[PDB]
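Asks: In PDB author numbering, the protein residues as written are 40 to 143.
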Ligand SMILES: [Cl-]
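1) Would you report the Cα separation of residue 126 and residue 48, rounded to the nearest angstrom?
2) Taking 5 Å as the limit, name every residue whose beta carbon sits nearer than that to some heavy atom of ligand 1, in sequence order.
3) Along the chain, which unbroken stretches of the alpha helix (DSSP H) at least 4 residues long are found entirely within the region 83–109?
4) Hey, quick one: how far does the beta strand (DSSP E) through residue 42 stretch, first residue to last?
5) Do you know how far the Cα of residue 43 is from the Cα of residue 80?
6) Got a sec, what are the start and stop residues for the alpha helix (DSSP H) residue 58 sits in?
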């Protein structure tokens, strides 16, 4: 029940530590002391990424699955972040959803 507050490109998020370390992701690396992380005076963990889909990322780490968006752009936007945070399961789902739109 240890909590964490993240500032993802101006997007403010509150989440638990277990969620951030529940899967083998780059976020798990941050909150286990394997990579240098920057924090402001407010105690917010700063991340230089768009937080547009970050809530969706947290849902995947938390629940293990999430309903994906419909448009090819948003799937692309989500896929980009899933790749940045190294969330293997979500990247695959986004890839399958994208190839399904290509058919056709
Ligand atoms: Cl579309």
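For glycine and all other residues, C-beta sits at the position ideal for the given N, C-alpha and C.
Replies: On the basis of the coordinates in this document:
1) In the chain shown, counting from the first residue as 1, residue 126 sits at position 87. In the chain shown, counting from the first residue as 1, residue 48 sits at position 9. Their Cα atoms are separated by approximately 19 Å.
2) A residue is listed when its beta-carbon falls short of 5 Å from at least one non-hydrogen atom of ligand 1; in chain order these are 110, 111.
3) Complete alpha helix (DSSP H) runs here, min 4: 93–102.
4) Numbered from its first residue, the chain shown carries residue 42 at position 3. Unbroken beta strand (DSSP E) run through residue 42: 42–47.
5) Reading the chain shown from its first residue, position 41 is the one you call residue 80. Reading the chain shown from its first residue, position 4 is the one you call residue 43. Computed Cα separation, rounded: 15 Å.
6) Position 19 of the chain shown, counted from the first residue, corresponds to residue 58. Where residue 58 is concerned, the enclosing alpha helix (DSSP H) stretches over 56–59.
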